[PDB]
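Examining the three-dimensional arrangement
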4 protein chains.
Amino acid sequence: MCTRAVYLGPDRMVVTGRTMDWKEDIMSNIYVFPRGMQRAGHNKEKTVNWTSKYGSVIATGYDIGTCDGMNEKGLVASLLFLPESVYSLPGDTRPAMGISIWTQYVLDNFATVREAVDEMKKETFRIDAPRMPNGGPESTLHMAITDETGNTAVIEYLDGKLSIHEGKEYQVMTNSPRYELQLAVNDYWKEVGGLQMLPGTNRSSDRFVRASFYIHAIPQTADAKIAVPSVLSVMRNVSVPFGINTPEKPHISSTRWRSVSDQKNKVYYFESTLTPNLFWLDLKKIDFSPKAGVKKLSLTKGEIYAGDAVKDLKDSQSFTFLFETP
Amino acid sequence: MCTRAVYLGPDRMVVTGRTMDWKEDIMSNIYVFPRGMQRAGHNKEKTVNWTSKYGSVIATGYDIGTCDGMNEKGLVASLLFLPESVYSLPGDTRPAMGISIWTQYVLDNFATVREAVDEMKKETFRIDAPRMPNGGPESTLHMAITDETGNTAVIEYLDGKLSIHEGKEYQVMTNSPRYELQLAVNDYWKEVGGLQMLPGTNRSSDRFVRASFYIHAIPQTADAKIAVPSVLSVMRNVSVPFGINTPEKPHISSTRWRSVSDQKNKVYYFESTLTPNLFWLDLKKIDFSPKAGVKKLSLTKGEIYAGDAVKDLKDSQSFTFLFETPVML
Amino acid sequence: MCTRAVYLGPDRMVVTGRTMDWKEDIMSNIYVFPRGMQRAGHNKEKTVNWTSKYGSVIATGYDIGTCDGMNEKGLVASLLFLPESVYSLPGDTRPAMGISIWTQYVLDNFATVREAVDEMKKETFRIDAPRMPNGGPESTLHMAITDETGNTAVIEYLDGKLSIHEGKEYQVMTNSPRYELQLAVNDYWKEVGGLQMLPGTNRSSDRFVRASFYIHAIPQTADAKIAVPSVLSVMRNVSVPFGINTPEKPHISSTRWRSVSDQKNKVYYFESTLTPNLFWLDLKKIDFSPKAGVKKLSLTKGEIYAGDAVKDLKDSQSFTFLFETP
Amino acid sequence: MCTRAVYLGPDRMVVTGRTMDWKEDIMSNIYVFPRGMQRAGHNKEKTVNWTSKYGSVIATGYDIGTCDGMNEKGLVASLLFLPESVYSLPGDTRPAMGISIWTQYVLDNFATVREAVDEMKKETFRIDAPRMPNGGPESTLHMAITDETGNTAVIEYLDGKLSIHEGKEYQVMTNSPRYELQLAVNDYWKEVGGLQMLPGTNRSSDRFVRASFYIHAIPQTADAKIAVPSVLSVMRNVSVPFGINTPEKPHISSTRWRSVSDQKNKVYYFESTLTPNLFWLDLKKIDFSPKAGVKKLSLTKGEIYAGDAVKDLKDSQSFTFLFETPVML
Ligand SMILES: *[C@@]([C])(=O)[C][C][C]([C])[C]([C])[C@@]1([C])[C][C][C]2[C]([C]([O])[C][C]3[C][C]([O])[C][C][C@@]32[C])[C]1[C]
Ligand SMILES: *[C@@]([C])(=O)[C][C][C]([C])[C]([C])[C@@]1([C])[C][C][C]2[C]([C]([O])[C][C]3[C][C]([O])[C][C][C@@]32[C])[C]1[C]
């Protein structure tokens, strides 16, 4: 289960925040992909192709598939799990894309939430991955994106049929249930106020109401030196302890890492639970030229970065997305 | 306001943490006090003196009085808030140890909760509480002491009469009401189970229940690299958001920093709500010799640190405790 | 705000329960209407007409409009307030019916939930009443009906467009919000269980979850001597104290009366808060012949009935429904 | 289990009600006892005797011992449950008044809480608790007494030591834990406000909070016709559903009947969960003369009544209290 929230500050101040929780280690890493690069939405299926128009920084999943990142044009994307997401019924002859690269496609071809919604509602392809290949627990997610202007759009495939809700009023997103209900739930908690009562359980829906109430009670300021820690605080509030385990639940999904993107100033921020220090990357201080080279920022070996870990950027081989089932 | 809890792990692993919530800036700092330092419990009233037994690292608040820290013997003490507090009735005439140095006196002259339990129950000195009318809240608090053995003790002068609670079970504590109630109220939610319901509200009791439930659920492991993060994680959870304001409730005490101690290894980790990195100080690499010098680690000007901030210490003169209500801002 | 719940007992055991709460006195009464009677869906508007096919007993509203009742064929109807119910936008040339008689129409022309749904989805008319005529607080409701078989159908007009949900799994109904959300809310409370935690507030949505969990934990028995009090208990649980008043809320809507219908055995049950005793009426012990006469069962003057208040039935003039705005 | 609360209205209006929840049938009944009836606090142990001062209407449980009632002086007493109860420590040798007649002895020999407060604090007699191993829960309860003046008192033998709480504020009481905690826990929800949140759960504390909040919100009126229904309304609210069963929690104590008293007018209203009408008995129309005769109003066979059930009383012999653990069913 994961959550993501977006802050709408004065003077185009847009800062997004995404959570990462998983049962075991995620082995995620940060890769930087300049523009002018082509990719295939799938390797063993009929698929579409494109050409990376913008550079961006994203967080990987075991070095297999992107699930969060921010592009040059202050636009951030995030994939959160949704236990009731189906992408297509039989009879789909469209170019089958794979859920592993769904994220990467959008960031490489979009810079404004408006434009992204347009091409998506064409359903020009079906994006899928086989079920429980590695005996995994679940394998179904939904994505959220936001531009440096403050507009956001939640996307979910309802048993094959896409389901999208666009607008700036929608700035938080958890796992389950369906958003229309996920939001309807909050209607009840808002009347009971947040101060006089606030549910502290860890269920997917519970994490939603908390973020909603706090992300508004936060100070309405356009400055960037303060909003960043403010966004992370609620991320820490919504974040859950690591290594939890009760008699009923033998193993649990713990808070592994979180991400925040200063979409107004184009600065991505990333933190790991088992790390003491906080680092960041300034996209404006990054050469996304067509021929700049792929520099990786590894985190598996437990490296400890901090500050502007741009000097620590090392040229590395872009992780190969996985559409097979092994 | 704040919230404190203690973790009890195998292999003598006992990690304690603390939270700090304030409506404005605390302007806290950090100072070092080698052993063998005489001190007076007050500058103008009849109070005892002493010479620091064990060197102690303490975190200051406004550079007037220590609010939390440690000493040379895995003895971590913290001072939280409590409105319904009364230290003495009209007529008390004992030595009135100012509240500003009460904690420091403890860390200085104690290394085990059992000892402090004794010297405390002697009821030798009163507690001096200054009163101020211009934007100042009267001093009404309580304290908690934990030993590297894992034994904890709660102290609170309830309506002029002090009540102490010792034991290893007693590991969590928050603002109000009195622990006699807070502990029992929590037992209610215990029935409900944390997985199913938990008062996520920022209120005192709400935080107490959440900390109590999670502190057990966290991993019980003897390794420090794992238990420490598992601790601060609940610290951030119990910690309320930063700078919350509502039209009805305009100002609210917001979190300003968190403190964690590895009493099993004598380490102190510190982070601020406005400081991204997490620095620490290895007490073992310290020298508390009587003539080692008072060392300060300023933070008023917003200095930034990370890792082990041993090299970045600068000797300075001891701060000045506050025993009498300030005349004005 | 009002609530209604339906019990599905073994061997076609169907018993419905409806709540009544209002700010001040309701001045309601119980009228019996045999079959073979004609009515007009509105007096000053183009309207449809029919001929009462079955007899039934209903509870009136100030002696102006029916809001609850049970027919011969063990089918019960109930109108509950819904603050977000609109019945038609401009351009409605259909026979305008009035919200006051909407209830009476269904009971007089239906005996099975299936048949009722059919004719309703024709939208052959618009049923409306002018807004705040007597300075009233609100004036928008939704209806729930159930046959002696156990099938129920909730109905709500979404800004003119009807909204219906049919099935036996839907046996409880409160005021707000919309049902699709009103039910989605319960999804959260069911996971938290009812025993280990149950919200006791009085808001419309809160009253829903309580009834849902209890109406299932109740014993699954086909006997009728016990299920009746069981249904009323939750009605008492969902029922709220009378004359409540805090500093914030100066006057409140108190629990005035409740109703339960033994749809399997065709027996209607009614209780008033300010009355000590409980009475009932056995439809099977009632002559709904075309020419039987209208016998009223008054309750305004605070009469105190009990037991089988059929002997207390007195021939009276059927209350005239109100479509005007005075 | 059960739950009790007291309403305080102007013009000396004080209406008290009670709830009864049991896993099976209580087989309760009703009996009348005119004044001037000698009684012994036990049949086989050393116990005091007495002669009933004030006639008292009591509701029996299994026709063995009174669980609630009243006397000739607007003095309504009730007996609720409490697991963590201890009446005396090993070695007590005082008069051991059986728990079955403790209540009756009170109503018989008292007319004001102040008096009972005195005679009770004398600590003259112990409490006899029988122990049974076959489907029987050991007797562990507490009591509450209210006077027509509106003053209430809570009594509970906590770990062999009795603790009393008197006053007009103390009007609500439930199962567990001890009122010292139950009262304070409720103060928590008080913060949350009843309109915004209320633990609708059937648990002991949940019911206590709901009753406390609503009992104030109900109409404060001097007329009986209005206050009485406003009372029983909260009684039904606090009352848990009937015959609840879950696969995990199979059997649960369900509500069986509710009792209300108009202490200002000396009336007793009674209803059963399986009885639709609400009958009552006007104590004023009663004769408790010493030789008036013990009168019973049976309910085992499920008789049905309504209105004022004065005419439908049938004289019978007094029931038999239980002082010793029954040999078997
Ligand atoms: C959140 C919680 O905000 C995003 C979570 C995403 C990154 C993960 C849930 C995801 C998609 C990553 C990869 C794994 C997914 C499934 O659990 C199936 C596999 C499980 C295996 O343990 C690792 C690789 C898979 C593909 C997983 C939910
Ligand atoms: C429930 C709560 O289950 C059914 C409630 C129905 C019977 C009432 C809400 C209703 C329709 C009855 C009549 C009155 C309605 C409005 O409040 C507008 C008027 C108010 C006035 O005080 C009495 C007559 C009106 C038509 C009312 C909601």
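Residues numbered from 1 in each chain as written, not as in the entry; some residues may be left out. Chains lettered and ligands numbered in written order. Heavy atoms only, no water.

- Its PDB header attributes the entry to X-ray crystallography and lists the resolution as 3.51 Å.

1. Some thoughts on the site of ligand 1
Residue and element names in this part refer to chain A.
- Ligand 1 sits among 14 residues. The nearest are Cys 2, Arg 18, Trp 22, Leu 79 and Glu 138.
- The side chain of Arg 18 places a nitrogen or oxygen atom 3.1 Å from an oxygen atom of ligand 1.
- One of the backbone N or O atoms of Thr 19 is found 3.5 Å from an oxygen atom in ligand 1.
- Bound to the protein, ligand 1 loses 79% of the 590 Å² it would expose on its own.
- With four residues, the top contributor of residues to the shell around ligand 1 is strand β2 (residues 13–22).
- Residues that form the shell around ligand 1 fall into these classes: ten nonpolar, one polar and three charged. (Near = heavy atom within 4 Å. Polar contact = N/O pair within 3.5 Å; in protein donor to acceptor, adjacent residues only side chain to side chain. Areas by Shrake-Rupley, 256 points an atom, 1.4 Å probe, with all protein chains shown as cover. Helix = DSSP H or I, 4+ residues; strand = E, 2+ residues; numbered from the N terminus. Nonpolar A, V, L, I, M, F, W, Y, C, P; charged D, E, K, R; others polar.)

2. Observations regarding a nonpolar patch on the surface
- Together, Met 27, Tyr 62, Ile 64 and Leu 322 of chain A line one region of the surface with nonpolar side chains, adding up to about 310 Å² of accessible area.
- Structurally, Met 27 of chain A can be placed in the loop between β2 and β3 (30–33). (Patch = residues over 30% accessible without salt bridge, like charges linked within 9 Å, V, L, I, M, F, W, Y side chains within 5 Å. Salt bridge = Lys/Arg side-chain N within 4 Å of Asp/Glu carboxyl O.)

3. Looking at the site of ligand 2
Residue and element names in this part refer to chain C.
- Surveying the vicinity of ligand 2 reveals 14 residues, the closest of which are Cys 2, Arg 18, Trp 22, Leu 79 and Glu 138.
- At a separation of 3.1 Å, an oxygen atom of ligand 2 approaches a polar side-chain atom of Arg 18.
- Within the backbone of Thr 19, a nitrogen or oxygen atom sits 3.5 Å from an oxygen atom of ligand 2.
- Contact with the protein chains removes 78% of the 580 Å² of surface that ligand 2 exposes when unbound.

4. A closer look at the sheet that holds strand β10 (residues 152–158) of chain A
Residues and elements named next belong to chain A.
- In space, the nine strands of this open sheet follow the order β11-β10-β9-β6-β5-β4-β3-β16-β18, with antiparallel pairing throughout. Looking at strand neighbours, the two that pair on one side only are β11 (161–167) and β18 (314–315), the edges of this open sheet.
- Relative to β18, strand β16 (residues 295–297) runs antiparallel, the two being bridged by two bridges. Pairing of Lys 296 across the sheet is with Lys 314, part of β18.
- Against the sheet, helix α2 (residues 113–120) contacts β9 (141–146), β10 and β11, and its axis sits at roughly 20° relative to β10. (Pairing = 2+ DSSP bridges. Contact = heavy atoms within 4.5 Å. Axes fitted to C-alpha atoms, helices over the stretch in contact; angles between N-to-C directions.)

5. Considering the interface of chain C and chain B
- Across the contact, five residues belong to chain C and five residues belong to chain B.
- Together, the buried faces of chain C and chain B total about 440 Å²; carbon and sulfur atoms form 61% of this surface.
- Taken as a group, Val 192, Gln 196 and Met 197 of chain C account for 84% of the area that chain C buries against chain B, more than any other trio of residues on that side.
- Our count for the contact surface shared by chain C and chain B stands at one residue pair in polar contact.
- Looking at the side of chain C that touches chain B residue by residue, the class counts come to four nonpolar, one polar and no charged. (Buried area = accessible area lost by both parts, 1.4 Å probe.)

6. Focus on the sheet that holds strand β19 (residues 307–308) of chain B
All names here are of chain B.
- Taking strand neighbours across the sheet as the criterion, the seven strands line up as β14-β1-β2-β15-β16-β17-β19 in an open arrangement whose pairing is mixed. The open sheet has two free edges, formed respectively by β14 (172–173) and β19, since each of these has just one partner strand.
- Sheet topology places strand β1 (residues 4–9) next to β14; two bridges connect them, and they run antiparallel. When the bridges of β14 are listed, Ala 5 appears paired with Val 172.

7. Section: unusual backbone geometry
- The amide bond that connects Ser 176 of chain A to the next residue, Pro 177 of chain A, takes the cis arrangement and shows omega of -5°.
- Within the chain, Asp 11 of chain D stands out as a residue other than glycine whose phi angle is a positive 55°.
- Phi angles above zero are rare outside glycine, and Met 27 of chain D is one such case at about 55°.
- Mapped onto the fold, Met 27 of chain D is located in the loop between β2 (13–22) and β3 (29–33).
- Of the residues examined, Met 27 of chain D reaches a relative accessible area of 37% and is grouped as partly exposed. (Buried < 20%, exposed > 50% of the residue type's maximum accessible area, 1.4 Å probe, protein only.)

8. What to know about the nonpolar core
- Ranked by internal contacts, the top residues of the largest apolar core, which has 170 residues, are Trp 189 of chain A together with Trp 189 of chain C.
- Each residue touching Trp 189 of chain C, except ones within four places of it in the same chain, is listed here: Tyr 188 and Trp 189 of chain A, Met 197 of chain B together with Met 197, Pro 199 and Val 209 of chain C.
- Counting 60 residues, the second largest nonpolar core, distinct from the first, contains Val 32, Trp 50, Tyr 87 and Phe 323 of chain A. (Core = buried A, V, L, I, M, F, W, Y, C linked by side-chain atoms within 4.5 Å.)

9. Let's talk about helix α1 (residues 102–109) of chain C
- A large share of α1 of chain C lies buried, amounting to eight of its eight residues.
- Three or more residues of α1 of chain C are buried, namely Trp 102, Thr 103, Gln 104, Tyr 105, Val 106, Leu 107, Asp 108 and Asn 109 of chain C.

10. What about the packing of aromatic side chains?
- The full count for this structure, using the stated rule, is 70 aromatic pairs over all chains.
- Three or more aromatic residues link up through ring pairs in this structure, and these residues are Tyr 31, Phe 33, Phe 319, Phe 321 and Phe 323 of chain B.
- Above the plane of the ring of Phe 33 of chain C lies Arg 39 of chain C, whose end atom (NZ or CZ) is 4.7 Å from the centre.
- Note that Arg 39 of chain D overlies the ring of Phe 33 of chain D, its terminal NZ or CZ placed 4.7 Å from the centroid. (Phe/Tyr/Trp six-rings, centres within 6.5 Å; stacked < 30°, edge-to-face > 60°. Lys NZ or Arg CZ within 6 Å of the ring centre and 35° of its normal.)

11. Here's the deal with the interface of chain A and chain B
- Taken residue by residue, the interface counts 35 residues in chain A and 40 residues in chain B.
- At the boundary of chain A with chain B, the tally comes to two salt bridges.
- Where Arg 236 of chain A meets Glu 271 of chain B, a salt bridge forms, and the shortest distance between an N and an O atom there is 2.6 Å.
- Looking at the side of chain A that touches chain B, the elements that each hand over two or more residues are α4 (204–217) and α5 (224–238) of chain A.
- Sorting elements by how many residues they give to the side of chain A that touches chain B places α5 of chain A first, with four residues.
- Of the residues assigned to the side of chain A that touches chain B, the class counts are 16 nonpolar, 13 polar and six charged.

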